[PDB]
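Derivation of every value follows stated rules applied to the coordinates shown; laboratory data play no part. No Cβ is skipped: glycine too gets one built from the backbone with ideal geometry, and neighbour counts run over all protein chains shown.
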Number of protein chains: 2
Amino acid sequence: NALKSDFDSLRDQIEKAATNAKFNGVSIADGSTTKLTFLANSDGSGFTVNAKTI
Amino acid sequence: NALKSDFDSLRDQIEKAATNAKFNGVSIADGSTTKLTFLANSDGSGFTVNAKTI
């Protein structure tokens, strides 16, 4: 029972640590969106970074 | 009778040791409240610690 409760605590910890990792409201580790596109050229062409949910 | 009186002294000792374990007026070992919630995120989301009365 003690080992199970330790396991459960650690799982809840993983969840908290994962959902708090936002910068400026946008994040690539929670799983909110599928990809983020940044500017890479003075004409609008983008640099694509896929989302890696953890 | 001597062993019984020893037992009674030790029980009274446990009670005193338990009710004196307060820091800043709040404690999680006396049984006064059901849980304590601390800050864990800059938006108010909490870290919950249940109460383990002893």
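Remarks
- Of all chain A residues, the one whose C-beta is nearest the axis that brings A onto B, in angstrom: A:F23, 50
- Choice from B:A17, B:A40, B:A29 showing the highest fluctuation, given a GNM over chain B with Cα pairs closer than 10 Å: B:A40
- Sorted by Cβ neighbour density within 10 Å, fewest at the top, the residues B:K4, A:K22: B:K4, A:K22
- Under 16 Å from B:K52, Cα to Cα: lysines that are on another chain or at least 8 residues apart: B:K22, B:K35
- Residue exposure sequence - A:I28, A:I54 - by fewest surrounding Cβ within 10 Å: A:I54, A:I28
- Among A:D12, A:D43, A:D30, the residue with the largest mean-square fluctuation in a Gaussian network model of chain A, with springs joining Cα atoms closer than 10 Å, is A:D43.
- Between B:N50 and A:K4, the distance separating the two model label sites (each 7 Å from Cα on the Cα→Cβ line) works out to 1.2 nm.
- Cross-link partners of B:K4 among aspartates and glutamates (Cα-Cα below 15 Å; sequence separation of 8 or more within a chain): B:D12
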